[PDB]
Amino acid sequence: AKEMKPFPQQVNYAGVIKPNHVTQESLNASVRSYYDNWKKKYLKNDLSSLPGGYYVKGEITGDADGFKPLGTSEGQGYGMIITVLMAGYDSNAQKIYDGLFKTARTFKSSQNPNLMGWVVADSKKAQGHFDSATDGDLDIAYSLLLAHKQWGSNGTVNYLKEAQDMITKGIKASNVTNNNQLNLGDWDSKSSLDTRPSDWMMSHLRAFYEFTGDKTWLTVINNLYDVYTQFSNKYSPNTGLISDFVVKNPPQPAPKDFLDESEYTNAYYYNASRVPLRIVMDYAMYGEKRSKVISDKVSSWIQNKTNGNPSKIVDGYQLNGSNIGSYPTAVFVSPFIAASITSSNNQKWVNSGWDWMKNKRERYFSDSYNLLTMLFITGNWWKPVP
């Protein structure tokens, strides 16, 4: 109710193309439909330890210090952005969003209280028990800026103030490093050189700058672009890809089994699969030329690699382009499609990719990121401006 940016905003960002063999109404309809399916399967509000609290059902993870993980802050972030964007279509959007925010603040980090602990577990003891994960807080904080522009901050929750506190007292204080990179979480060092590229949400950082006036975010953006290029020119000169995790300076791929996540932490794997969308959005929304450069390189490589067939994309690649994965999943495919929207000569590829993703349902991770990608490439992810 009282949406100032009701769905569908269907914006047309300069220099970018959208799938064009279907109408905008068809694009919007595909998104509405995907959302209803996503919401029904993943949006939850059954926490005995937190009535009125919402979260996004993640995959059956391992033992989280004895607790049973139901979701993560990263899922919380995806859900919160999705929810605010669908406001206008989903009449219960603000109620759901405030419920997601309730969970995010109740399950605050055990280190920096202005951030969210990365695990959602149905227990009072788990509330304020876990430390943070940088990407979760980045999406959550960003969602608060969207909420502010969507409903204003005069109601029950002061979206803008909450955003500013989270951005400055949380993310900047604990995650922005001394050499202006982004560390892995509030448990990580202020001088840490360990970083996760999928955390380089350039377009999010632009908004942070615009809503706080803190130039710190601009210097972080510029440094990260420098780091990306320095990294790629040496380790991915023919693909433009980046690894799940990056370490040291000059930046280099993290070793295998980094943080015990997987043996491919040194390559373009599940964490990195999200990077193409995070980067391209900066060019689309703010016209950053460095974003278009990085996007076109990756886009052209993947197109040639699959001979223009998105169904040939696999879930994982070595930095030199050699296959690691074996099948097409949305978290990998969709971002590759989004990274292709800055060049009009990729229209057919964008059309084929859209057809592949629009109704692709599989699991929490791919589905959630696919919806975010779909929202963006259809012009329904508008940008918050003061």
# chains A, B, ... in the order shown; residues from 1 in each chain; ligands from 1
$ residues_around --residues "residue 41 (chain A)" --least-positions-apart "5" --cutoff "9 Å" --atoms "only C-alpha atoms" --output "number ranges by chain"
A: 36, 57, 364
$ select_by_dssp --residues "region 131-304 of chain A" --states "alpha helix (DSSP H)" --output "MDAnalysis selection string"
chainID A and resid 134:151 159:165 173:175 202:212 216:235 275:286 289:304
$ residues_around --residues "region 163-172 of chain A" --least-positions-apart "3" --cutoff "9 Å" --atoms "only C-alpha atoms" --output "number ranges by chain"
A: 112-115, 134, 137-138, 140-145, 148, 158-160, 175-177, 182, 185-186, 208, 211-212, 214, 216-217
$ write_last_selection --atoms "C-alpha atoms" --output "short mmCIF file (atom, residue, chain, number, x, y, z; two decimals), in the first residue's frame"
data_model
loop_
_atom_site.label_atom_id
_atom_site.label_comp_id
_atom_site.auth_asym_id
_atom_site.auth_seq_id
_atom_site.Cartn_x
_atom_site.Cartn_y
_atom_site.Cartn_z
CA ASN A 112 29.01 -6.21 15.10
CA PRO A 113 25.38 -5.82 16.36
CA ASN A 114 24.53 -3.58 13.40
CA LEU A 115 24.88 -6.58 11.07
CA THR A 134 29.52 -9.51 4.05
CA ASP A 137 24.51 -7.49 4.91
CA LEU A 138 25.18 -5.72 1.60
CA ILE A 140 19.96 -6.38 3.36
CA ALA A 141 21.29 -2.83 3.73
CA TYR A 142 20.63 -2.10 0.07
CA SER A 143 17.09 -3.44 0.41
CA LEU A 144 16.48 -0.86 3.14
CA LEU A 145 17.28 1.91 0.65
CA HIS A 148 12.78 3.86 1.81
CA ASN A 158 12.61 4.26 9.57
CA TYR A 159 14.03 2.48 6.52
CA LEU A 160 16.47 5.26 5.65
CA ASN A 175 33.88 -4.97 6.38
CA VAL A 176 35.58 -2.09 4.54
CA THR A 177 39.31 -2.73 4.98
CA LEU A 182 35.75 -5.78 1.32
CA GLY A 185 32.60 -10.79 7.37
CA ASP A 186 32.75 -9.01 10.72
CA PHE A 208 25.47 3.71 -0.36
CA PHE A 211 22.44 7.97 0.60
CA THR A 212 25.24 8.63 3.11
CA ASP A 214 30.47 8.98 2.49
CA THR A 216 34.55 5.92 1.28
CA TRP A 217 32.22 3.89 -0.94
#
$ residues_around --residues "residue 8 (chain A)" --least-positions-apart "3" --cutoff "9 Å" --atoms "only C-alpha atoms" --output "ChimeraX atom specification"
/A:5,11,28,85-89,379-381
$ residues_around --residues "residue 13 (chain A)" --least-positions-apart "3" --cutoff "7 Å" --atoms "only C-alpha atoms" --output "mmCIF file with N, CA, C and O atoms, in the first residue's frame"
data_model
loop_
_atom_site.group_PDB
_atom_site.id
_atom_site.type_symbol
_atom_site.label_atom_id
_atom_site.label_comp_id
_atom_site.auth_asym_id
_atom_site.auth_seq_id
_atom_site.Cartn_x
_atom_site.Cartn_y
_atom_site.Cartn_z
ATOM 1 N N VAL A 16 21.579 -0.493 -22.676
ATOM 2 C CA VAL A 16 21.329 -1.911 -22.447
ATOM 3 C C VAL A 16 20.098 -2.410 -23.189
ATOM 4 O O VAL A 16 19.138 -1.665 -23.396
ATOM 5 N N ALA A 284 24.731 -0.545 -16.261
ATOM 6 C CA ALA A 284 23.318 -0.329 -16.544
ATOM 7 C C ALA A 284 22.709 0.827 -15.757
ATOM 8 O O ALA A 284 22.082 1.717 -16.332
ATOM 9 N N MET A 285 22.908 0.812 -14.443
ATOM 10 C CA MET A 285 22.343 1.826 -13.560
ATOM 11 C C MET A 285 23.128 3.130 -13.408
ATOM 12 O O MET A 285 22.536 4.182 -13.159
#
$ decode --residues "region 149-236 of chain A" --atoms "C-alpha atoms" --output "PDB file, in the first residue's frame"
ATOM      1  CA  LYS A 149      12.101   4.859  -1.804  1.00  0.00           C
ATOM      2  CA  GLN A 150       9.194   2.411  -1.989  1.00  0.00           C
ATOM      3  CA  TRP A 151       7.199   3.351   1.120  1.00  0.00           C
ATOM      4  CA  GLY A 152       9.083   6.220   2.719  1.00  0.00           C
ATOM      5  CA  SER A 153      10.546   6.135   6.224  1.00  0.00           C
ATOM      6  CA  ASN A 154       7.696   7.778   8.163  1.00  0.00           C
ATOM      7  CA  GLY A 155       6.018   4.527   9.174  1.00  0.00           C
ATOM      8  CA  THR A 156       6.717   1.822  11.751  1.00  0.00           C
ATOM      9  CA  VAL A 157      10.317   1.427  10.609  1.00  0.00           C
ATOM     10  CA  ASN A 158      12.610   4.261   9.570  1.00  0.00           C
ATOM     11  CA  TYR A 159      14.032   2.481   6.523  1.00  0.00           C
ATOM     12  CA  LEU A 160      16.471   5.261   5.654  1.00  0.00           C
ATOM     13  CA  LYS A 161      17.866   5.574   9.177  1.00  0.00           C
ATOM     14  CA  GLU A 162      18.151   1.796   9.545  1.00  0.00           C
ATOM     15  CA  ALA A 163      19.958   1.669   6.195  1.00  0.00           C
ATOM     16  CA  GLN A 164      22.378   4.424   7.173  1.00  0.00           C
ATOM     17  CA  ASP A 165      23.162   2.759  10.513  1.00  0.00           C
ATOM     18  CA  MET A 166      23.737  -0.622   8.867  1.00  0.00           C
ATOM     19  CA  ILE A 167      25.860   0.818   6.049  1.00  0.00           C
ATOM     20  CA  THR A 168      28.035   3.051   8.230  1.00  0.00           C
ATOM     21  CA  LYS A 169      28.019   1.480  11.701  1.00  0.00           C
ATOM     22  CA  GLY A 170      27.978  -2.009  10.254  1.00  0.00           C
ATOM     23  CA  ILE A 171      29.467  -2.654   6.820  1.00  0.00           C
ATOM     24  CA  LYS A 172      31.951   0.230   6.701  1.00  0.00           C
ATOM     25  CA  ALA A 173      33.064  -0.274  10.296  1.00  0.00           C
ATOM     26  CA  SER A 174      33.560  -4.051  10.060  1.00  0.00           C
ATOM     27  CA  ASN A 175      33.882  -4.969   6.380  1.00  0.00           C
ATOM     28  CA  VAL A 176      35.581  -2.091   4.544  1.00  0.00           C
ATOM     29  CA  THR A 177      39.310  -2.728   4.979  1.00  0.00           C
ATOM     30  CA  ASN A 178      42.214  -0.338   5.473  1.00  0.00           C
ATOM     31  CA  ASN A 179      43.270  -0.752   1.825  1.00  0.00           C
ATOM     32  CA  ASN A 180      39.645  -0.268   0.795  1.00  0.00           C
ATOM     33  CA  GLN A 181      38.624  -3.790  -0.208  1.00  0.00           C
ATOM     34  CA  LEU A 182      35.755  -5.782   1.324  1.00  0.00           C
ATOM     35  CA  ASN A 183      36.597  -8.561   3.745  1.00  0.00           C
ATOM     36  CA  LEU A 184      34.598 -11.759   4.281  1.00  0.00           C
ATOM     37  CA  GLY A 185      32.599 -10.786   7.369  1.00  0.00           C
ATOM     38  CA  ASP A 186      32.750  -9.014  10.718  1.00  0.00           C
ATOM     39  CA  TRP A 187      34.838 -11.864  12.109  1.00  0.00           C
ATOM     40  CA  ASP A 188      37.512 -11.022   9.523  1.00  0.00           C
ATOM     41  CA  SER A 189      40.373  -8.548   9.987  1.00  0.00           C
ATOM     42  CA  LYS A 190      40.180  -4.828   9.208  1.00  0.00           C
ATOM     43  CA  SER A 191      43.403  -5.290   7.205  1.00  0.00           C
ATOM     44  CA  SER A 192      42.360  -8.618   5.667  1.00  0.00           C
ATOM     45  CA  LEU A 193      43.230  -9.150   2.024  1.00  0.00           C
ATOM     46  CA  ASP A 194      40.877 -12.135   1.769  1.00  0.00           C
ATOM     47  CA  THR A 195      37.880 -11.177  -0.353  1.00  0.00           C
ATOM     48  CA  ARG A 196      34.922 -12.777  -2.171  1.00  0.00           C
ATOM     49  CA  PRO A 197      34.339 -11.049  -5.562  1.00  0.00           C
ATOM     50  CA  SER A 198      30.617 -11.855  -5.516  1.00  0.00           C
ATOM     51  CA  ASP A 199      30.614  -9.322  -2.650  1.00  0.00           C
ATOM     52  CA  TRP A 200      31.728  -6.579  -5.062  1.00  0.00           C
ATOM     53  CA  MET A 201      28.231  -5.208  -5.545  1.00  0.00           C
ATOM     54  CA  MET A 202      29.341  -2.051  -7.345  1.00  0.00           C
ATOM     55  CA  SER A 203      25.835  -0.713  -7.985  1.00  0.00           C
ATOM     56  CA  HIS A 204      24.930  -1.237  -4.306  1.00  0.00           C
ATOM     57  CA  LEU A 205      27.996   0.754  -3.256  1.00  0.00           C
ATOM     58  CA  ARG A 206      26.964   3.623  -5.552  1.00  0.00           C
ATOM     59  CA  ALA A 207      23.657   3.877  -3.706  1.00  0.00           C
ATOM     60  CA  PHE A 208      25.466   3.706  -0.363  1.00  0.00           C
ATOM     61  CA  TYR A 209      27.475   6.739  -1.427  1.00  0.00           C
ATOM     62  CA  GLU A 210      24.396   8.633  -2.606  1.00  0.00           C
ATOM     63  CA  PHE A 211      22.445   7.974   0.596  1.00  0.00           C
ATOM     64  CA  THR A 212      25.244   8.633   3.105  1.00  0.00           C
ATOM     65  CA  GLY A 213      27.517  11.097   1.359  1.00  0.00           C
ATOM     66  CA  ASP A 214      30.471   8.975   2.486  1.00  0.00           C
ATOM     67  CA  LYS A 215      33.100   9.071  -0.277  1.00  0.00           C
ATOM     68  CA  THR A 216      34.553   5.918   1.282  1.00  0.00           C
ATOM     69  CA  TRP A 217      32.222   3.890  -0.941  1.00  0.00           C
ATOM     70  CA  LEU A 218      33.527   5.542  -4.095  1.00  0.00           C
ATOM     71  CA  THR A 219      37.152   4.775  -3.256  1.00  0.00           C
ATOM     72  CA  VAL A 220      36.156   1.179  -2.501  1.00  0.00           C
ATOM     73  CA  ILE A 221      34.440   0.935  -5.895  1.00  0.00           C
ATOM     74  CA  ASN A 222      37.482   2.293  -7.733  1.00  0.00           C
ATOM     75  CA  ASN A 223      39.871   0.037  -5.829  1.00  0.00           C
ATOM     76  CA  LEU A 224      37.778  -3.082  -6.480  1.00  0.00           C
ATOM     77  CA  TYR A 225      37.718  -2.328 -10.217  1.00  0.00           C
ATOM     78  CA  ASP A 226      41.515  -1.966 -10.083  1.00  0.00           C
ATOM     79  CA  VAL A 227      41.763  -5.268  -8.219  1.00  0.00           C
ATOM     80  CA  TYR A 228      39.493  -7.012 -10.734  1.00  0.00           C
ATOM     81  CA  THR A 229      41.589  -5.887 -13.704  1.00  0.00           C
ATOM     82  CA  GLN A 230      44.925  -6.557 -12.005  1.00  0.00           C
ATOM     83  CA  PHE A 231      43.628 -10.035 -11.168  1.00  0.00           C
ATOM     84  CA  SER A 232      42.151 -10.841 -14.582  1.00  0.00           C
ATOM     85  CA  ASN A 233      44.990  -9.573 -16.763  1.00  0.00           C
ATOM     86  CA  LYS A 234      47.192 -12.090 -14.992  1.00  0.00           C
ATOM     87  CA  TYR A 235      44.962 -15.053 -14.144  1.00  0.00           C
ATOM     88  CA  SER A 236      42.062 -14.831 -16.613  1.00  0.00           C
TER      89      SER A 236
END
